[PDB]
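Student: Below is the structure I would like to discuss, written out as structure tokens.
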Amino acid sequence: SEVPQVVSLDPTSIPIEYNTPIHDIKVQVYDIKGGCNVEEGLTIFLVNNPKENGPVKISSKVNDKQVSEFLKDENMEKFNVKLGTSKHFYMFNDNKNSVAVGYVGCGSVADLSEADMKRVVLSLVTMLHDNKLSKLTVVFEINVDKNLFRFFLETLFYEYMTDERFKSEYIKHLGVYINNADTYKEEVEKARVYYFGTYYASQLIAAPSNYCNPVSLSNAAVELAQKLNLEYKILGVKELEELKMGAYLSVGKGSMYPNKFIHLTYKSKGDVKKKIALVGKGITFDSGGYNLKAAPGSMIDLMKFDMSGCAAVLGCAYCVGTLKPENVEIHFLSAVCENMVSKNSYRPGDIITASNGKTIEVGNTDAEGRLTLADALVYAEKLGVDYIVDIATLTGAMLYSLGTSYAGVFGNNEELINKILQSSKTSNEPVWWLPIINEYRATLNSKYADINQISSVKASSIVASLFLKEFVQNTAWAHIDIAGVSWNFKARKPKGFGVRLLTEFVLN
Amino acid sequence: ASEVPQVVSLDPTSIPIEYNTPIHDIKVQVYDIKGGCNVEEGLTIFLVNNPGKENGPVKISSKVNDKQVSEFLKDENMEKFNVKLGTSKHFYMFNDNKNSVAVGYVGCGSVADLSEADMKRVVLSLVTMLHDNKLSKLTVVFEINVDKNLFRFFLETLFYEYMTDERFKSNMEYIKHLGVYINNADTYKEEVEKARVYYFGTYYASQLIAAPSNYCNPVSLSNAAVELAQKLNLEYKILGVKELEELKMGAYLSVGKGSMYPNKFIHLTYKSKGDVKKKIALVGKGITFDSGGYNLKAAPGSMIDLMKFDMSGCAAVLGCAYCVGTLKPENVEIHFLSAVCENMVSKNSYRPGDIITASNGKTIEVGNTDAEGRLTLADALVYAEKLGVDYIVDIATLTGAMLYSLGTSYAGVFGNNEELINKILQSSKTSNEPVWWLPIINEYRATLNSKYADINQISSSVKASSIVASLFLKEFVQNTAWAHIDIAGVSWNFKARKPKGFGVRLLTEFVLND
Amino acid sequence: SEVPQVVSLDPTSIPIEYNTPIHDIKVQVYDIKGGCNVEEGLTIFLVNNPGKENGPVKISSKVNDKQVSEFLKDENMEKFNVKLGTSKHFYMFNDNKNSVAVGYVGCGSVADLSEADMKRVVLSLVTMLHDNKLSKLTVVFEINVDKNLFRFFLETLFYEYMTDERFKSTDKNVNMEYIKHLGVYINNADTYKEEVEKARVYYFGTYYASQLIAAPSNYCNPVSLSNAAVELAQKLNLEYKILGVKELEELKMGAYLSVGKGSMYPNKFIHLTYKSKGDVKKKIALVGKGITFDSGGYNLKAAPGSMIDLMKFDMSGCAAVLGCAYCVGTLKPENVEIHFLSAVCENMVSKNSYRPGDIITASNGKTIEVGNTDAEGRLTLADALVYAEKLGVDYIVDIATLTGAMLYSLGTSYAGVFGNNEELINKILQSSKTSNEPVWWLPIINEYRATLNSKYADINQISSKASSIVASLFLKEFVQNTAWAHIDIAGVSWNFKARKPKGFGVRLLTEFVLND
Ligand SMILES: Cn1cc(-c2ccc([C@@H](NC(=O)C(C)(C)C)C(=O)NO)cc2)cn1
Ligand SMILES: Cn1cc(-c2ccc([C@@H](NC(=O)C(C)(C)C)C(=O)NO)cc2)cn1
Ligand SMILES: Cn1cc(-c2ccc([C@@H](NC(=O)C(C)(C)C)C(=O)NO)cc2)cn1
Ligand SMILES: [Zn+2]
Ligand SMILES: [Zn+2]
Ligand SMILES: [Zn+2]
Ligand SMILES: [Zn+2]
Ligand SMILES: [Zn+2]
Ligand SMILES: [Zn+2]
């Protein structure tokens, strides 16, 4: 629990913002019938033209003669609905009060994707960051179901928020105009919870590795557990040795921080009908070990992101603890360590023994993710759960298959894979099903060990999935590879990907 | 004097330093060429040219006091040789007293304006002969035009290239007399002992640089500095880790974390006996070894076997401390600063992505551990400005991009103050260590805007990393005139496989002519 | 003149747009003390706050409208800051009960804007112009600018506003409307009025160059490029001369001819001349590198980061000179004689290409050992510089996308200049100031010259790391007794942020020809 330091100036804690300015925002959802009021701050219409880059046209009645004049078709057709395009003008309303009115183009397609809506929100946020405002009002003149409306609110909150923990006025009111307002009102406070769970995971990932180490990260989990009345149990090296987790321990051999295993648990008040183990990869920094990330574009300055799996799990732990689902017992697991280069590091060629007895031949120390997951999975199955789900930044090959938008999911059970794909639909965190090709299993036949860590045959995501499959004997298990989608290179920040996906899974 | 840590007992605990050199035992005489040449003793060499005639024949003008040498130097004999720059011939013969003497020449081309590079090529041609000579005297006859500066440059270079470093070893013999015939001998006479001082400062810097990183570490180097300070009667102060932590030098301390050697901050000071009118802080990059950290120098041409040179900026500052402490300038106070450490790969190393806090409050996002020089300098520059000096001049092997811009002969100078830069450029002219002014382009500054930290250590996209590195350094000098010399391209002599000791004479000319 | 094709679908001419939308804009300048009239379109105030960083917006002009003045009272504007690049849109009704658009653009707290500062202001202005159908824009200058920065403002506003749609087919911007009127309110307006049409001239010269560069290598080839120079010269009534292979062979331009050996397009040497009616006091030769496509030759640009798909810009130097030719031919300076030169060819891989190791002979008789076929620019420039000196000129100014090393020395903003003459270099630097195309003086280091010594040829083509300096040393060997300057624009030519050419050099060359 005490964070070791090299010099006295080394941080001994991860700074965490719990109370965010978003939490202070009062949100009122009104129905568009009756007309819109424009009294103060910024009013933005979400408008499309079902044509391509067609003119803006406001449909909704506005209860203000000055703004109504500005919003008439003659003036608005000077602008167009190209997706992401925005304009906003400052003007005096009926009461001679200064108000800002504008729009965001929503393209020419009736139903926005999660990516389309994301670009819409970014255009909205840009205006929020450029204008000192007390209230934002958004008028929905487009078609949005409940799950996408919630996605809107979540994305709006996440992109509006600014991480200033390592640096050396927000709006206070949010108004939403939409048809069938009463049907959308329950999604607001759900969005605020999903928002923080994502932003919490974001804070952990964005936190540099000199801040976020196995000790400080485990301490953050305990702190979170105490705030949510979750049972918690942190496994130190002595215990892990007795549990014989030799794959996991080998990876952390080179670090100055001791291995720490995070085990958070949420139990429901009633009787439990489904037990779930969520496993997150928690590599606080991945230098690749003796297989150093030195190749061009290996992006070693990004590898603070390699505990994004753990972050998504902990962010999910927040959401579950806040929304309190019934009839479930959830175990939030993470084998947290650091992959470094030292005299104590494990070598390419080493043979290590996982807790289930399987000897593994290491071919590439930069493939450390599956090694720590191997022991976490064994530990997970020993809990006697119904579902084992792991989420991880496992393979760079994902950048070449699905890219930076869709995460991949692998598994041994079709029912479990389906529920995740369903969760992907409702959470709007896009995941695509990828196969485990058994014909590649033979490429993991070691000459000396029971199994190879890596292949000879490319397609590493499948091979890695084949490897992980060996450590789950008789339990429905799925594996989400988020190595490609975890980091937002355009915005230079994490996505907090996985939190809402995993929450929808536990809830729905 | 701190104890040097060891891994095995065979690890060295100090840098071997040669203080008394054979060069310090050569007696130098400067005669006027108008009176003829006395050629009865040792090797006599004529510096000649043939303006206009490219590779034209050799013709000796000087009357000599020997009938045997005179007949050898007659035009019929000498026109068998040409004056192509660097070309050399010398013959052994008997003088009128039947003594064994050696007579020859060195070609200086057909341009009546020998540059610094040409003069060095002439000197090297001379040194090659000296390295096979066993006579006790060398006489050089200047039948070419040189100014006082270029003449002192001739002596410095000669002294430096003549001397060979055998500290790590386990033919010829050094001359005891140097004769120089030249026009207005009386004026060039005062250049001799200035040259001998400039020589050793340069050679001292060369010894520190050339010494391998198992010999030259932060502990051994700071000890060597203390020893130099005591010999020059300079005030000195080595700042240790506990003090560095107190001063909150987080950027400096970060680089040194992965090393087995404790960080040591070298602070020497020269104060004039008279009233102080100028206050100068000289700052040198002092990375005893640069592996690159976790951004390990593994790429082709990363030249990691050279990386003992990464404290050349520090060596130049110390070599300057010798010259200044020896020549003792009036009315000036000089601070010699160098944040010394070692950039290694360990469990304790700082990582790519780490956000660290410099001593001035600014948080820095590390994008590349191999850009460690600007980090150590950042704290050195905050320290320097707290001293309240008028001028802060840093010199460093900072960016390898200098090899693609100015190359291996010219160093680059960046800065926030035009007058100070002009002062450097003037020091460049008189010291004959070439520097060229390069721009700090503020349009590139935005590339350092970090998403999380106060500022980025390096750029993501924008190349021309030298300009970017200056933009970074500029953030740690708040309202003092400051110049930055990047010697990453000129520090090492790849032809001779040795250091140049670049910067010692530049910095010294800077403080003397101030 | 006849452009060779492989298939009938291969283009035979560079599509060139002379009458651009910008040329249809009526530009009126008014003295700002005469009161601003706000009636139609969009009206933008260029505001700042000296000293107060992020200081409030204060409109200090006089507005001949009660309602707009009321809106622009300091009370209303306090909510907005003058942070450089920031803009806002206002909407109101004027005295004539007309709806009207008003706005501002922040210029920071500095009392005098740099070239980059003004370019930042202009870019914010164009954003307000994009995705908005306006019939008129009015710019009110509440910041101080000299004549040069004012002209630079207009130059930049025109260039960034204009969109190249020559190669758009099924994807033209259906909403791309251009303003028809431009109003400018400024102090001492009668001293700025002369700058307007000079800016319009300077605009097209830059955009003309931009069009040649942006045009791909199937459109812009040695023949189609040279034919475009002829067409320009005819419109400008300049003397023109296009040297073909037979002429080039008789002049023994082996270096230039070797470079084009592997191209399906014959070498074309562009020679344009402008002459003053009166006493010629200055003869100048402008030489631009004219490589329509740079594959690299057998030293193929195959390495990672070679940017072979960009190498259509390798005729940027040529375009800059032709852009300058337009400016000189239009502005018609006095007492000068200008020679616009460009040895145009294509560097390709073929059974006919020149090989690494080949020894070739320049038109001055010097033998050259080719060490790298991708260093083809200095080979063509060599013959071009000889042809230039034979014209008996006073100055030979050279411009070229010569070395990639510029990206590591000066980067993407500042071009480098080398030369054998202190005065000429200073004239270039002075022109860089007035034209606001940034240029830094870099040295020609004679110590490096020895590396160009060949065991067999008179001289080596390349050394065997300071490429830009070595390349200057090579070129210097082909100017015998004339003042010569060499501008390396390999790093500054392309605008990567906006994904388009800059048209760099045109204004700098023209200002050099004028201020002369
Ligand atoms: C966004 N991004 C992600 C990566 C990335 C690169 C490599 C890897 C993983 N490595 C791999 O997939 C290989 C098999 C070592 C190439 C890894 O280090 N797992 O612990 C995972 C992600 C690179 N960029
Ligand atoms: C003569 N030579 C100099 C170098 C050299 C190479 C790299 C660097 C510096 N590195 C850099 O400039 C980069 C930007 C990391 C490539 C450096 O290590 N700073 O601490 C400095 C010098 C290589 N050869
Ligand atoms: C913006 N950019 C410029 C380049 C560029 C790359 C290479 C070169 C030139 N080549 C060089 O400078 C070398 C010496 C071959 C590396 C060239 O091909 N000249 O004909 C010039 C420019 C690449 N990107
Ligand atoms: Zn890895
Ligand atoms: Zn990993
Ligand atoms: Zn380094
Ligand atoms: Zn270094
Ligand atoms: Zn080329
Ligand atoms: Zn080229």
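Each chain of the structure tokens is named A, B, ... in the order shown, its residues numbered from 1; ligands are numbered from 1 in display order.
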Using only C-alpha atoms, determine which residues lie at most 12 Å from residue A:70, disregarding the query and same-chain residues fewer than 5 positions distant; provide the list as a tab-separated table (two decimals) with N, CA and C atoms, in the first residue's frame.
Tutor:
```
chain	number	residue	atom	x	y	z
A	57	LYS	N	-33.09	24.14	-42.07
A	57	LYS	CA	-34.45	24.60	-41.88
A	57	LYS	C	-34.95	24.23	-40.48
A	58	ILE	N	-35.33	25.24	-39.70
A	58	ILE	CA	-35.83	25.02	-38.35
A	58	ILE	C	-37.34	24.78	-38.37
A	62	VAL	N	-40.65	28.78	-31.93
A	62	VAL	CA	-39.92	29.44	-30.86
A	62	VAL	C	-40.74	30.57	-30.25
A	64	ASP	N	-40.42	33.46	-29.10
A	64	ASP	CA	-39.68	34.72	-29.07
A	64	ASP	C	-39.64	35.30	-30.48
A	65	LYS	N	-40.17	36.50	-30.64
A	65	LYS	CA	-40.33	37.10	-31.97
A	65	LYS	C	-39.00	37.46	-32.62
A	75	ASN	N	-33.32	33.14	-43.81
A	75	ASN	CA	-32.01	33.32	-43.20
A	75	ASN	C	-31.23	32.02	-43.04
A	76	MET	N	-31.93	30.95	-42.67
A	76	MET	CA	-31.27	29.69	-42.33
A	76	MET	C	-30.80	28.90	-43.55
A	77	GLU	N	-31.36	29.20	-44.72
A	77	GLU	CA	-30.96	28.49	-45.93
A	77	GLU	C	-29.62	29.01	-46.44
A	78	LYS	N	-29.10	30.04	-45.78
A	78	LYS	CA	-27.76	30.53	-46.05
A	78	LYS	C	-26.73	29.54	-45.50
A	88	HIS	N	-23.35	29.95	-34.99
A	88	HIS	CA	-24.17	30.51	-33.93
A	88	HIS	C	-23.97	32.02	-33.84
A	89	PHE	N	-25.07	32.72	-33.60
A	89	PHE	CA	-25.09	34.18	-33.59
A	89	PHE	C	-25.57	34.72	-32.26
A	90	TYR	N	-24.93	35.79	-31.78
A	90	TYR	CA	-25.40	36.49	-30.60
A	90	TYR	C	-26.39	37.58	-30.99
A	91	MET	N	-27.47	37.69	-30.23
A	91	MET	CA	-28.52	38.66	-30.54
A	91	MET	C	-29.36	38.96	-29.31
A	92	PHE	N	-30.08	40.07	-29.35
A	92	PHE	CA	-31.02	40.41	-28.29
A	92	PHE	C	-32.37	39.76	-28.58
A	93	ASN	N	-32.99	39.20	-27.55
A	93	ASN	CA	-34.31	38.59	-27.70
A	93	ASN	C	-35.41	39.61	-27.42
A	99	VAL	N	-28.75	36.63	-26.08
A	99	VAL	CA	-28.81	35.19	-26.26
A	99	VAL	C	-28.04	34.77	-27.51
A	100	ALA	N	-27.54	33.54	-27.50
A	100	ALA	CA	-26.83	33.00	-28.65
A	100	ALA	C	-27.62	31.84	-29.25
A	101	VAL	N	-27.89	31.93	-30.55
A	101	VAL	CA	-28.67	30.91	-31.24
A	101	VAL	C	-27.92	30.37	-32.45
A	102	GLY	N	-27.95	29.05	-32.61
A	102	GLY	CA	-27.31	28.42	-33.75
A	102	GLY	C	-27.79	27.01	-34.00
C	90	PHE	N	-22.43	38.29	-34.62
C	90	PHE	CA	-23.55	39.04	-34.06
C	90	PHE	C	-24.66	39.15	-35.10
C	91	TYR	N	-25.90	39.26	-34.64
C	91	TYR	CA	-27.05	39.42	-35.53
C	91	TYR	C	-28.00	40.47	-34.97
C	92	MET	N	-28.34	41.46	-35.79
C	92	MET	CA	-29.17	42.56	-35.32
C	92	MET	C	-29.90	43.27	-36.46
C	93	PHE	N	-30.74	44.24	-36.09
C	93	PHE	CA	-31.45	45.07	-37.06
C	93	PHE	C	-30.94	46.50	-37.00
C	98	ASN	N	-33.42	46.75	-41.24
C	98	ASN	CA	-32.82	45.65	-41.99
C	98	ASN	C	-32.04	44.71	-41.08
C	99	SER	N	-32.25	43.41	-41.25
C	99	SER	CA	-31.43	42.42	-40.56
C	99	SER	C	-30.01	42.54	-41.07
C	100	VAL	N	-29.03	42.34	-40.19
C	100	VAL	CA	-27.64	42.57	-40.54
C	100	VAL	C	-26.70	41.73	-39.68
C	101	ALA	N	-25.60	41.28	-40.27
C	101	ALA	CA	-24.62	40.46	-39.56
C	101	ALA	C	-23.36	41.25	-39.24
```
Student: Any chance you could tabulate, as JSON lines, the residues of chain C at most 6 Å from ligand 9 with each one's nearest atom pair and distance in Å to one decimal, using only C-alpha atoms and all ligand atoms, in chain and rising number order?
Tutor:
```
{"residue": "C:294", "atom": "CA", "partner": "ligand 9", "partner_atom_place_in_ligand_line": "1 (Zn)", "distance": 5.3}
{"residue": "C:314", "atom": "CA", "partner": "ligand 9", "partner_atom_place_in_ligand_line": "1 (Zn)", "distance": 5.3}
{"residue": "C:376", "atom": "CA", "partner": "ligand 9", "partner_atom_place_in_ligand_line": "1 (Zn)", "distance": 5.7}
{"residue": "C:377", "atom": "CA", "partner": "ligand 9", "partner_atom_place_in_ligand_line": "1 (Zn)", "distance": 5.0}
{"residue": "C:402", "atom": "CA", "partner": "ligand 9", "partner_atom_place_in_ligand_line": "1 (Zn)", "distance": 5.9}
```
Student: Taking only C-alpha atoms and all ligand atoms into account, which residues are within 6 Å of ligand 4, as JSON, numbers by chain?
Tutor: {"A": [286, 288, 366, 367, 368]}
Student: Can I get the selected residues back with C-alpha atoms, as a compact mmCIF listing (two decimals), in the first residue's frame?
Tutor:
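Result went into part.txt, see below:
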```
# COMPACT_ATOMS: atom_id res chain seq x y z
CA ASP A 286 4.55 -1.82 -21.16
CA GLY A 288 7.90 -4.57 -24.08
CA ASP A 366 6.15 -7.77 -25.32
CA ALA A 367 3.28 -10.26 -25.42
CA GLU A 368 2.95 -9.90 -21.65
```
Student: Taking only C-alpha atoms into account, which residues of chain C are within 12 Å of chain A, as JSON, numbers by chain?
Tutor: {"C": [41, 67, 68, 70, 71, 72, 75, 76, 77, 78, 79, 80, 81, 83, 85, 86, 87, 88, 89, 90, 91, 92, 93, 98, 99, 100, 101, 102, 103, 104, 127, 128, 129, 130, 131, 132, 133, 134, 135, 171, 172, 173, 174, 175, 176, 177, 304, 305]}
Student: Could you give me, as a PyMOL selection string, the residues within 8 Å of residue C:143, counting only C-alpha atoms and dropping anything in the same chain fewer than 5 positions from it?
Tutor: chain C and resi 46-48
Student: Between B:461, B:363, B:202, B:50, which one has atoms that come closest to chain A, using only C-alpha atoms?
Tutor: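 Checking each candidate against chain A, we get B:363 as the closest.
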Student: Can you pull out the residues contacting residue C:241? Cut-off 9 Å, using only C-alpha atoms, and skip same-chain residues under 6 positions away; I want them as a PDB file with N, CA and C atoms, in the first residue's frame.
Tutor:
```pdb
ATOM      1  N   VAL C 230       4.343  29.286 -72.422  1.00  0.00           N
ATOM      2  CA  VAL C 230       4.146  29.988 -73.685  1.00  0.00           C
ATOM      3  C   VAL C 230       2.850  30.787 -73.665  1.00  0.00           C
ATOM      4  N   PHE C 269      13.196  23.253 -72.152  1.00  0.00           N
ATOM      5  CA  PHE C 269      13.816  24.349 -71.419  1.00  0.00           C
ATOM      6  C   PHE C 269      13.009  25.628 -71.610  1.00  0.00           C
ATOM      7  N   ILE C 270      12.450  26.137 -70.517  1.00  0.00           N
ATOM      8  CA  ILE C 270      11.651  27.355 -70.566  1.00  0.00           C
ATOM      9  C   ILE C 270      12.524  28.597 -70.428  1.00  0.00           C
ATOM     10  N   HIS C 271      12.412  29.505 -71.392  1.00  0.00           N
ATOM     11  CA  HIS C 271      13.115  30.779 -71.323  1.00  0.00           C
ATOM     12  C   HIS C 271      12.167  31.934 -71.627  1.00  0.00           C
ATOM     13  N   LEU C 272      11.743  32.624 -70.576  1.00  0.00           N
ATOM     14  CA  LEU C 272      10.927  33.823 -70.716  1.00  0.00           C
ATOM     15  C   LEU C 272      11.767  35.056 -70.414  1.00  0.00           C
ATOM     16  N   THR C 273      11.466  36.157 -71.095  1.00  0.00           N
ATOM     17  CA  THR C 273      12.188  37.404 -70.871  1.00  0.00           C
ATOM     18  C   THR C 273      11.241  38.594 -70.777  1.00  0.00           C
TER      19      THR C 273
END
```
Student: Please find the residues contacting ligand 7 at a distance of at most 6 Å between atoms, with only C-alpha atoms and all ligand atoms counted, and report them as an MDAnalysis selection string.
Tutor: chainID B and resid 290 310 372:373 398
Student: Next, dump the selected residues to file, keeping only N, CA and C atoms, as a PDB file, in the first residue's frame.
Tutor:
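Generated output (result_27.pdb):
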```
ATOM      1  N   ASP B 290      24.749   8.399 -22.644  1.00  0.00           N
ATOM      2  CA  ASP B 290      23.390   8.536 -23.144  1.00  0.00           C
ATOM      3  C   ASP B 290      22.961   7.306 -23.938  1.00  0.00           C
ATOM      4  N   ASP B 310      28.493  12.865 -24.627  1.00  0.00           N
ATOM      5  CA  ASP B 310      27.294  13.649 -24.358  1.00  0.00           C
ATOM      6  C   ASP B 310      27.463  14.595 -23.170  1.00  0.00           C
ATOM      7  N   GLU B 372      16.869  13.810 -23.302  1.00  0.00           N
ATOM      8  CA  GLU B 372      17.100  14.015 -21.876  1.00  0.00           C
ATOM      9  C   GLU B 372      17.905  15.278 -21.588  1.00  0.00           C
ATOM     10  N   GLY B 373      18.636  15.755 -22.591  1.00  0.00           N
ATOM     11  CA  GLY B 373      19.503  16.908 -22.429  1.00  0.00           C
ATOM     12  C   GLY B 373      18.764  18.183 -22.076  1.00  0.00           C
ATOM     13  N   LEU B 398      22.965  18.553 -28.082  1.00  0.00           N
ATOM     14  CA  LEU B 398      21.538  18.439 -27.809  1.00  0.00           C
ATOM     15  C   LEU B 398      20.740  17.698 -28.883  1.00  0.00           C
TER      16      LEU B 398
END
```
Student: Near chain B, which residues of chain A fall within 9 Å when you count only C-alpha atoms, and what do they look like as an NGL selection string?
Tutor: :A and (5-10 or 163-168 or 206-211 or 254-257 or 285 or 287 or 292-296 or 300-304 or 340-345 or 491-493)
Student: Store the residues picked out above in a file with C-alpha atoms, as an mmCIF file, in the first residue's frame.
Tutor:
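Output file again.cif is given in full below:
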```
data_model
loop_
_atom_site.group_PDB
_atom_site.id
_atom_site.type_symbol
_atom_site.label_atom_id
_atom_site.label_comp_id
_atom_site.auth_asym_id
_atom_site.auth_seq_id
_atom_site.Cartn_x
_atom_site.Cartn_y
_atom_site.Cartn_z
ATOM 1 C CA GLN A 5 10.019 6.005 -4.714
ATOM 2 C CA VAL A 6 13.370 6.406 -6.454
ATOM 3 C CA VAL A 7 13.662 10.026 -5.342
ATOM 4 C CA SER A 8 11.524 12.047 -2.922
ATOM 5 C CA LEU A 9 9.903 13.925 -5.814
ATOM 6 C CA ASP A 10 8.319 10.754 -7.199
ATOM 7 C CA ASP A 163 -8.616 16.923 -17.270
ATOM 8 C CA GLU A 164 -6.391 19.422 -15.447
ATOM 9 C CA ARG A 165 -4.868 17.223 -12.734
ATOM 10 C CA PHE A 166 -1.376 17.585 -14.198
ATOM 11 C CA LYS A 167 -1.575 21.261 -15.126
ATOM 12 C CA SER A 168 0.345 23.827 -13.073
ATOM 13 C CA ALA A 206 -4.343 9.284 -18.931
ATOM 14 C CA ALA A 207 -2.392 9.188 -15.666
ATOM 15 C CA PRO A 208 1.318 8.722 -16.523
ATOM 16 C CA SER A 209 3.111 5.553 -15.419
ATOM 17 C CA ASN A 210 5.151 7.392 -12.786
ATOM 18 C CA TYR A 211 1.793 8.260 -11.227
ATOM 19 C CA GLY A 254 11.524 -6.557 -13.748
ATOM 20 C CA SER A 255 9.582 -3.751 -12.068
ATOM 21 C CA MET A 256 10.354 -1.751 -8.921
ATOM 22 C CA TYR A 257 6.689 -2.018 -7.966
ATOM 23 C CA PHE A 285 3.519 0.518 -18.365
ATOM 24 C CA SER A 287 8.077 -1.171 -22.423
ATOM 25 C CA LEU A 292 11.776 -3.597 -26.259
ATOM 26 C CA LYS A 293 9.350 -1.444 -28.227
ATOM 27 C CA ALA A 294 12.028 0.058 -30.464
ATOM 28 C CA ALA A 295 10.597 -0.742 -33.901
ATOM 29 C CA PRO A 296 9.360 2.319 -35.829
ATOM 30 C CA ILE A 300 6.315 3.300 -26.565
ATOM 31 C CA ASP A 301 5.212 6.734 -25.319
ATOM 32 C CA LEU A 302 1.613 5.513 -25.368
ATOM 33 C CA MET A 303 2.029 2.444 -23.176
ATOM 34 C CA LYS A 304 0.590 4.078 -20.073
ATOM 35 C CA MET A 340 10.124 -3.286 -17.665
ATOM 36 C CA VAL A 341 13.757 -3.915 -18.588
ATOM 37 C CA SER A 342 16.012 -4.854 -15.674
ATOM 38 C CA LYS A 343 18.477 -7.482 -14.466
ATOM 39 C CA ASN A 344 15.485 -9.097 -12.773
ATOM 40 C CA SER A 345 13.299 -9.160 -15.888
ATOM 41 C CA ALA A 491 -8.061 14.260 -29.478
ATOM 42 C CA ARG A 492 -4.863 13.022 -27.787
ATOM 43 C CA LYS A 493 -6.676 11.363 -24.871
#
```
Student: What residues in chain B lie within 7 Å of chain C, counting only C-alpha atoms, written as a PDB file with N, CA and C atoms, in the first residue's frame?
Tutor:
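The resulting file, part01.pdb, is reproduced below:
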```
ATOM      1  N   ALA B 117      39.794  26.325 -41.625  1.00  0.00           N
ATOM      2  CA  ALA B 117      39.843  24.936 -42.066  1.00  0.00           C
ATOM      3  C   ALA B 117      41.137  24.635 -42.814  1.00  0.00           C
ATOM      4  N   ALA B 401      20.043  16.381 -35.221  1.00  0.00           N
ATOM      5  CA  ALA B 401      19.593  17.015 -36.457  1.00  0.00           C
ATOM      6  C   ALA B 401      20.583  18.074 -36.946  1.00  0.00           C
ATOM      7  N   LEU B 403      23.531  17.573 -37.581  1.00  0.00           N
ATOM      8  CA  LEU B 403      24.320  16.900 -38.605  1.00  0.00           C
ATOM      9  C   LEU B 403      23.703  17.072 -39.989  1.00  0.00           C
ATOM     10  N   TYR B 404      22.393  17.285 -40.027  1.00  0.00           N
ATOM     11  CA  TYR B 404      21.687  17.440 -41.293  1.00  0.00           C
ATOM     12  C   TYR B 404      21.506  18.908 -41.667  1.00  0.00           C
ATOM     13  N   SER B 405      21.866  19.806 -40.755  1.00  0.00           N
ATOM     14  CA  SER B 405      21.718  21.235 -41.006  1.00  0.00           C
ATOM     15  C   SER B 405      23.061  21.926 -41.241  1.00  0.00           C
ATOM     16  N   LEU B 406      23.857  22.066 -40.186  1.00  0.00           N
ATOM     17  CA  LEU B 406      25.132  22.772 -40.292  1.00  0.00           C
ATOM     18  C   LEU B 406      26.318  21.823 -40.448  1.00  0.00           C
ATOM     19  N   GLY B 407      26.104  20.546 -40.156  1.00  0.00           N
ATOM     20  CA  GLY B 407      27.136  19.547 -40.360  1.00  0.00           C
ATOM     21  C   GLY B 407      28.106  19.395 -39.205  1.00  0.00           C
ATOM     22  N   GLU B 443       6.450  30.014 -34.539  1.00  0.00           N
ATOM     23  CA  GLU B 443       5.316  29.355 -35.175  1.00  0.00           C
ATOM     24  C   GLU B 443       5.285  27.874 -34.817  1.00  0.00           C
ATOM     25  N   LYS B 463       9.327  18.431 -37.483  1.00  0.00           N
ATOM     26  CA  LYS B 463      10.754  18.145 -37.530  1.00  0.00           C
ATOM     27  C   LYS B 463      11.525  19.417 -37.195  1.00  0.00           C
ATOM     28  N   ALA B 464      12.769  19.507 -37.658  1.00  0.00           N
ATOM     29  CA  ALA B 464      13.662  20.583 -37.236  1.00  0.00           C
ATOM     30  C   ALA B 464      13.674  20.645 -35.711  1.00  0.00           C
ATOM     31  N   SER B 465      14.108  19.548 -35.098  1.00  0.00           N
ATOM     32  CA  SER B 465      14.040  19.380 -33.654  1.00  0.00           C
ATOM     33  C   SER B 465      14.977  20.321 -32.906  1.00  0.00           C
TER      34      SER B 465
END
```
